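A.B. asks: Same order as they appear, the protein sequences are chains A, D, C and B.
The first sequence begins at 1 in the deposited numbering and counts up by one.
The second sequence begins at 1 in the deposited numbering and counts up by one.
The third sequence begins at 1 in the deposited numbering and counts up by one.
The fourth sequence begins at 1 in the deposited numbering and counts up by one.
We put the CB at the ideal spot given by N, CA and C, even for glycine.
Protein chains: 4
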Amino acid sequence: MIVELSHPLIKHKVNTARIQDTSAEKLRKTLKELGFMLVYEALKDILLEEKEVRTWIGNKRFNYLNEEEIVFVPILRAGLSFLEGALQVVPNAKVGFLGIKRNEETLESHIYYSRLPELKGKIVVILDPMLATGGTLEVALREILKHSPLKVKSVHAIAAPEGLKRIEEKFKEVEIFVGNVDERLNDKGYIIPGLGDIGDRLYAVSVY
Amino acid sequence: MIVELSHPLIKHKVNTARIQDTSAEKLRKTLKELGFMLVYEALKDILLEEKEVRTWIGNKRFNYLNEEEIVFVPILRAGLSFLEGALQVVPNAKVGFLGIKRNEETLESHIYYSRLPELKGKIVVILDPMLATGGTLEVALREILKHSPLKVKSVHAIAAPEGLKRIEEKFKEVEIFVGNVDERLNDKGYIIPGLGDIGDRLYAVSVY
Amino acid sequence: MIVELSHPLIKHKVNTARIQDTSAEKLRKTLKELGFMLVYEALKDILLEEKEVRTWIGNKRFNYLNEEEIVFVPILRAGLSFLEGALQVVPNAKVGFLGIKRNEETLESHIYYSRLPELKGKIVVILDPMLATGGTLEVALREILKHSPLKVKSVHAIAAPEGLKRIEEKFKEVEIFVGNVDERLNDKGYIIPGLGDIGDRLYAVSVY
Amino acid sequence: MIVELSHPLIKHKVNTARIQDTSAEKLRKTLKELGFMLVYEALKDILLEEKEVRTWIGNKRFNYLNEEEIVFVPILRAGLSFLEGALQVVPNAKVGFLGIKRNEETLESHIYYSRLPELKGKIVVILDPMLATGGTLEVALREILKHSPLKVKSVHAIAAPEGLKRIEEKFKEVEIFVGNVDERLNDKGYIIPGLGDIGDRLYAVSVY
């Protein structure tokens with residue numbers, strides 16, 4: 001189940017990230033603020049738990065989120081741009097790391113780093129700015145669904161119908177949250193209009 | 001026009017803020033994150049403007065929020081706990097400051113410090129954790145509406161049906177967003193279950 | 001006791017803040033980061049206290065700062081730009097607020113808003129980007145020194161010699177920490193090269 | 001070139017991190033604020049460059065840091081705890097990623113993931129909470145020095161004497177900035193009193 005968000009400030013953040021003549025500082029801060037918005041939306045169907053706490057007027061009971069039951073998993077590198085934002089929504093959530101890279105020739109993705117915490121029974125939230133062909137997300141899920149997650153959610157700034165197709169086809173139980181679904185993918189597997197080479201725009205030097 | 005937010009994460013931030021035995025650091029951080037959510041929600045109906053920018057593939061037109069059209073107005077001191085969260089949603093928004101204080105004997109509010117930028121034609125978003133008797137918000141609006149704002153929004157973590165009444169009776173054109181409408185006001189004008197003396201809990205020493 | 005910090009990153013943050021064609025977003029972030037540096041430098045001679053804590057390998061004794069012993073006092077409006085960064089150094093410090101504004105004819109200042117926590121025996125750290133004539137700091141000091149604080153420190157991005165001389169002359173006990181001591185003060189009481197109308201550049205509309 | 005920092009606030013941040021009973025939220029925030037400090041100290045010798053800019057009073061010439069000429073390199077996953085803090089001092093620096101993992105039997109480190117921007121002629125700053133045996137850092141340097149960086153700096157909250165010795169013995173040109181030099185390494189290659197398993201304390205679950 002795919003879900004495209006329509007909030008005007010998500011569009012703003014997304015479109016603000018499209019602007020190539022912005023500094024890396026601005027891009028990073030924009031995606032972090034977007035990550036907060038995305039994870040916030042993705043957690044709108046979370047169930048709270050009643051717990052007794054202490055207030056200024058004595059003991060009382062209120063509903064709370066079991067922050068520890070949430071596990072964020074950013075795909076380095078771009079996934080990382082969302083992590084700080086995601087943690088602001090859920091400060092005590094665990095964090096898993098997947099080092100993945102797409103083979104620009106075959107368009108396939110491979111895992112070179114995996115440092116995941118105990119995922120069994122918890123709610124996992126994948127973090128990755130773009131969803132192009134879906135190769136990276138497919139390999140990420142493959143690596144994650146093995147630990148028997150309770151539920152897997154994924155957040156992205158933009159997505160290509162191409163990727164949305166396969167994903168929702170081979171991973172129907174996965175919840176996909178997207179800031180904006182773009183037009184298509186080109187001959188090189190880049191989302192159009194997309195964000196170009198965000199990985200390098202974020203932490204290196206963009207070629208555009 | 002009152003709107004009570006029902007998002008489970010807002011309820012979590014609010015209740016977390018209800019916890020008296022937390023550190024000032026935790027309270028400030030909690031309310032900063034809640035502020036982001038409250039402002040995010042409050043701008044769900046914001047109108048975007050189309051502008052041309054240079055993307056990685058070339059000049060394209062996308063809809064953007066005119067960040068400078070929004071003006072945040074935190075009521076000192078508590079309102080300040082939402083400022084950073086709000087500025088994350090709209091980084092280049094203008095900021096107005098209102099130094100107000102409630103007489104704990106009559107429960108009347110008075111303005112001691114006013115430093116507001118041009119509000120003429122802009123969307124003003126007032127920030128202040130609690131809306132109890134509505135006194136402080138009334139005085140604030142009284143001086144704000146003069147600048148002939150285009151629209152005035154208000155965000156609060158909690159509010160009492162008491163305050164929501166008068167405010168909506170003398171300022172019906174003002175949109176009031178609240179994380180959770182509490183039960184009532186006590187003998188001393190405090191909200192129940194409310195948050196207590198957050199001002200002192202946030203920057204000084206709580207008397208509870 | 002005047003101290004002109006010589007750290008290249010402080011100079012950079014200062015000079016960066018001098019750039020007139022930067023967004024409010026960028027300037028606010030610049031100053032927040034500069035604020036962290038200034039307070040860090042201003043607390044280099046702070047005393048730590050031994051306390052027993054539990055580590056991964058059992059109880060142990062280490063030296064810790066008594067965070068609640070420090071009080072940050074931002075002078076609205078400009079001084080608020082330091083508050084966020086100042087709190088990163090000392091998260092649980094107390095926060096006092098002073099709404100002061102300078103009379104642009106006599107070059108003297110008046111306090112319109114004062115909300116301070118207990119200051120007796122505490123270490124007060126005044127926050128305010130500029131120290132021009134020093135009229136604002138003087139008025140702030142008068143108001144603070146009455147509460148008998150254990151020590152008073154002040155951080156500024158920049159300052160004019162005439163301003164410094166004026167403060168150190170009457171307050172030989174106050175420690176002034178400045179990112180850079182500029183050239184002089186023009187006939188209007190503005191520091192040169194200075195930062196211009198910082199308050200408005202930060203939260204409203206600059207006239208330059 | 002090794003350098004043990006003595007600033008009380010660094011000591012405080014470092015010692016606060018030793019508190020095993022703190023939430024992941026508190027630890028992450030503490031290390032972020034510490035990372036800022038460590039990097040701030042590490043760039044104290046940084047060289048600035050003169051550039052002409054537009055100020056409120058016209059064009060002027062000031063010294064600035066060429067932010068882009070700086071490259072931060074955290075070692076996953078612990079190194080990530082200093083990233084944001086490090087980026088606060090140099091917002092536009094480039095970011096390199098090194099996925100490393102120590103073998104708990106031989107205490108050897110191996111690089112499974114590498115995503116580095118162009119390091120040739122730049123100032124590289126490695127980020128890693130601890131520096132126990134030196135294996136992780138040694139491997140890292142050997143892939144970084146190959147790019148012929150202008151200079152290499154490294155920051156750590158704590159380091160074991162034996163770790164510092166091999167490093168300084170194999171990389172005399174590398175500047176190692178340490179928050180506090182602990183006592184030693186145990187039989188399992190853990191620093192004492194050390195921080196335990198910070199990687200798990202930060203993003204997963206600690207066994208202590």
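(1) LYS122 of chain D and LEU87 of chain D: beta carbons closer than 9 Å?
(2) Between the beta-carbon of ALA17 of chain B and the beta-carbon of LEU127 of chain B, is there less than 9 Å?
(3) Can you grab the Cα-Cα spacing for the pair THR30 of chain A / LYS13 of chain A, in whole Å?
(4) Using 10 angstroms around the beta-carbon of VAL125 of chain B, count the other beta-carbons present and answer buried if the total reaches 16, otherwise exposed.
(5) Less than 8 Å between C-beta atoms, sequence neighbours within five positions excluded: which residues of the same chain meet that for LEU119 of chain B?
(6) Mind the definition here: the stretch 172-181 of chain A touches the stretch 153-160 of chain A only if three or more C-beta pairs lie below 8 Å; say whether that holds.
(7) Taking C-beta pairs closer than 7 Å, name the residues in chain C that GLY189 of chain B reaches, listed in chain order.
(8) Excluding the 5 residues preceding and the 5 following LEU83 of chain C in the sequence, name in chain order all residues of the same chain whose CB lies nearer than 8 Å to its CB.
(9) By the three-class DSSP mapping on this structure, what secondary structure does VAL3 of chain D have?
(10) Could you pull the DSSP bridge partners for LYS153 of chain A from this structure?
(11) Based on DSSP bridge pairs, tell me the residues matched to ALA159 of chain C.
(12) Opposite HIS110 of chain D in the DSSP bridges: which residues?
(13) Helix, strand or coil for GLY85 of chain D per DSSP?
(14) Start and end of the alpha helix (DSSP H) containing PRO8 of chain C?
(15) Using 10 angstroms around the beta-carbon of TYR208 of chain A, count the other beta-carbons present and answer buried if the total reaches 16, otherwise exposed.
(16) Would you report the Cα separation of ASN92 of chain C and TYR64 of chain C, rounded to the nearest angstrom?
(17) Check whether the Cβ of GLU84 of chain A lies closer than 9 Å to any Cβ atom in chain C.
(18) Quick one: which chain D residues come within Cβ less than 7 Å of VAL95 of chain C?
(19) Measure from the alpha carbon of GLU104 of chain A to the alpha carbon of each residue in A:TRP56, A:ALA132, A:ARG54 and A:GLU168, then state which is nearest.
(20) Go ahead and pull the three-state DSSP assignment for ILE144 of chain D.
(21) Just checking, does the stretch 18-27 of chain B make contact with the stretch 196-206 of chain B on the three C-beta pairs under 8 Å criterion?
(22) Using a Cβ-Cβ distance cut-off of 9 Å, determine whether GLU143 of chain C contacts chain A.
(23) Consider the Cβ of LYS32 of chain B: report whether some Cβ of chain D lies at a distance smaller than 9 Å.
(24) With DSSP collapsed to three states, give me the class of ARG61 of chain A.
(25) Report buried or exposed for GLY58 of chain D, applying the criterion of at least 16 other Cβ atoms within 10 angstroms of its Cβ.
(26) In angstroms, rounded to a whole number, what distance separates the CA positions of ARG102 of chain B and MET37 of chain C?
(27) Run through chain A and tell me which residues come within less than 9 Å of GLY196 of chain B, C-beta to C-beta.
(28) Is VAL155 of chain A buried or exposed, if buried means 16 or more other CB atoms sit within 10 Å of its CB?
(29) Using only the heavy atoms of the ligand HEM, determine whether one of them is closer than 8 Å to the beta carbon of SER109 of chain D.
(30) Just to check my reading of the structure: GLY163 of chain B and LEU107 of chain B have Cβ atoms closer than 8 Å, yes? What is that Cβ distance to the nearest angstrom?
(31) Quick one: what does DSSP say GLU49 of chain B is sitting in, helix, strand or coil?
(32) Can you tell me which residues form a DSSP beta bridge with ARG54 of chain B?
(33) What does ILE70 of chain D reach in chain A if we use C-beta pairs closer than 7 Å?
(34) Please confirm whether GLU25 of chain B has its beta-carbon closer than 9 Å to some beta-carbon of chain D.
(35) I'd like the list of long-range same chain contacts for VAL139 of chain A, defined as Cβ closer than 8 Å, with 5 residues on each side in sequence excluded.
(36) What is the residue span of the alpha helix (DSSP H) that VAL39 of chain C lies within?
C.D. replies: A quick look at the data gives this:
(1) In the second sequence, counting from the first residue as 1, residue 122 of chain D sits at position 122. In the second sequence, counting from the first residue as 1, residue 87 of chain D sits at position 87. Taking 9 Å as the Cβ cut-off, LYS122 of chain D and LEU87 of chain D do not qualify as a contacting pair.
(2) Along the fourth sequence, read from residue 1 onward, the residue named residue 17 of chain B stands at position 17. Along the fourth sequence, read from residue 1 onward, the residue named residue 127 of chain B stands at position 127. No, Cβ-Cβ distance for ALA17 of chain B and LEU127 of chain B is not below 9 Å.
(3) Here residue 30 of chain A refers to the residue found at position 30 of the first sequence. Here residue 13 of chain A refers to the residue found at position 13 of the first sequence. Between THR30 of chain A and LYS13 of chain A, the C-alpha separation is close to 6 Å.
(4) Here residue 125 of chain B refers to the residue found at position 125 of the fourth sequence. When all chains shown are included, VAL125 of chain B counts as buried.
(5) As a working note, residue 119 of chain B is residue 119 in the fourth sequence. Counting only Cβ-Cβ distances below 8 Å, and skipping sequence neighbours, we find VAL71, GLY96, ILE144, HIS147, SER148 and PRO149.
(6) yes
(7) As a position in the fourth sequence, residue 189 of chain B is number 189, starting the count at 1. Correct list: empty, because the minimum Cβ distance to chain C is about 14 Å.
(8) On the third sequence, residue 83 of chain C is found 83 positions in, with the first residue counted as 1. Answer for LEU83 of chain C: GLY35, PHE72, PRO74, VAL95 and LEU127, listed in chain order.
(9) On the second sequence, residue 3 of chain D is found 3 positions in, with the first residue counted as 1. DSSP places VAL3 of chain D in strand when its eight states are reduced to three.
(10) Reading the first sequence from its first residue, position 153 is the one you call residue 153 of chain A. DSSP lists A:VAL125 and A:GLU175 as partners of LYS153 of chain A.
(11) In the third sequence, residue 159 of chain C corresponds to position 159, counting from 1. C:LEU131 and C:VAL181.
(12) By 1-based counting over the second sequence, the position of residue 110 of chain D is 110. In the DSSP output, where bridge partners are listed per residue, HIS110 of chain D has D:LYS101.
(13) Sequence index remark: in the second sequence, residue 85 of chain D carries index 85 (1-based). Residue state, collapsed to three classes: helix.
(14) As a first step, residue 8 of chain C must be located in the third sequence, where it is residue number 8. Segment 8-18, the alpha helix (DSSP H) holding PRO8 of chain C.
(15) As a first step, residue 208 of chain A is located in the first sequence; it is residue number 208 there, counting from the start. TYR208 of chain A comes out exposed.
(16) For the purposes of this step, residue 92 of chain C is taken as residue 92 along the third sequence, with counting starting at 1. For the purposes of this step, residue 64 of chain C is taken as residue 64 along the third sequence, with counting starting at 1. Taking the CA atoms as reference points, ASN92 of chain C sits about 13 Å from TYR64 of chain C.
(17) Residue numbering aside, residue 84 of chain A sits at position 84 when the first sequence is read from its first letter. Not closer than 9 Å to any Cβ of chain C, the Cβ of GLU84 of chain A fails to qualify, so no.
(18) The residue labelled residue 95 of chain C in the question sits at position 95 within the third sequence. Listed along chain D are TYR203, each with a C-beta nearer than 7 Å to that of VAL95 of chain C.
(19) Sequence index remark: in the first sequence, residue 104 of chain A carries index 104 (1-based). Measuring C-alpha to C-alpha distances from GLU104 of chain A to each of A:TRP56, A:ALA132, A:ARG54 and A:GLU168 identifies A:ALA132 as the nearest.
(20) Taking the second sequence and counting its residues from 1, one reaches residue 144 of chain D at position 144. Looking at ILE144 of chain D - three-state DSSP - the assignment turns out to be helix.
(21) yes
(22) Translated into the one-based positions of the third sequence, residue 143 of chain C becomes position 143. No, because no Cβ of chain A sits closer than 9 Å to the Cβ of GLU143 of chain C.
(23) To locate residue 32 of chain B, count along the fourth sequence from 1; it is residue 32. For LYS32 of chain B, the answer is no, since every Cβ of chain D falls outside 9 Å of its Cβ.
(24) For the purposes of this step, residue 61 of chain A is taken as the residue at position 61 of the first sequence. In the structure shown, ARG61 of chain A sits in a strand (DSSP, three-state: E or B).
(25) In the second sequence, the residue the question calls residue 58 of chain D occupies position 58. Exposed, because fewer than 16 other Cβ atoms sit within 10 Å of the Cβ of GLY58 of chain D.
(26) Taking the first residue of the fourth sequence as position 1, residue 102 of chain B is located at position 102. Taking the first residue of the third sequence as position 1, residue 37 of chain C is located at position 37. The alpha-carbon atoms of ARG102 of chain B and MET37 of chain C are separated by roughly 34 Å.
(27) Within the fourth sequence, residue 196 of chain B is the residue found at index 196, counting from 1. In chain order: nothing, as chain A lies at least about 16 Å away.
(28) Reading the first sequence from its first residue, position 155 is the one you call residue 155 of chain A. Label assigned to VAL155 of chain A: buried.
(29) Within the structure as shown, the ligand HEM is missing, as the structure has no ligands at all.
(30) Against the fourth sequence, residue 163 of chain B aligns to sequence position 163. Against the fourth sequence, residue 107 of chain B aligns to sequence position 107. Actually they do not touch by this definition, with Cβ atoms about 11 Å apart.
(31) If you number the fourth sequence from 1, residue 49 of chain B lands on position 49. Residue state, collapsed to three classes: strand.
(32) Taking the first residue of the fourth sequence as 1, we reach residue 54 of chain B at position 54. In the DSSP output, where bridge partners are listed per residue, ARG54 of chain B has B:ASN59.
(33) Counted from its first residue, the second sequence places residue 70 of chain D at position 70. Identification of chain A residues near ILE70 of chain D by a Cβ-Cβ cut-off of 7 Å yields none; the smallest Cβ-Cβ distance measures about 10 Å.
(34) Here residue 25 of chain B corresponds to residue number 25 of the fourth sequence, with the count starting at 1. So, interface residue.
(35) Within the first sequence, the letter at position 139 stands for residue 139 of chain A. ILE100, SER109, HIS110 and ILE111.
(36) The sequence position of residue 39 of chain C within the third sequence is 39, counting from 1. First-last of the alpha helix (DSSP H) with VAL39 of chain C: 24-42.
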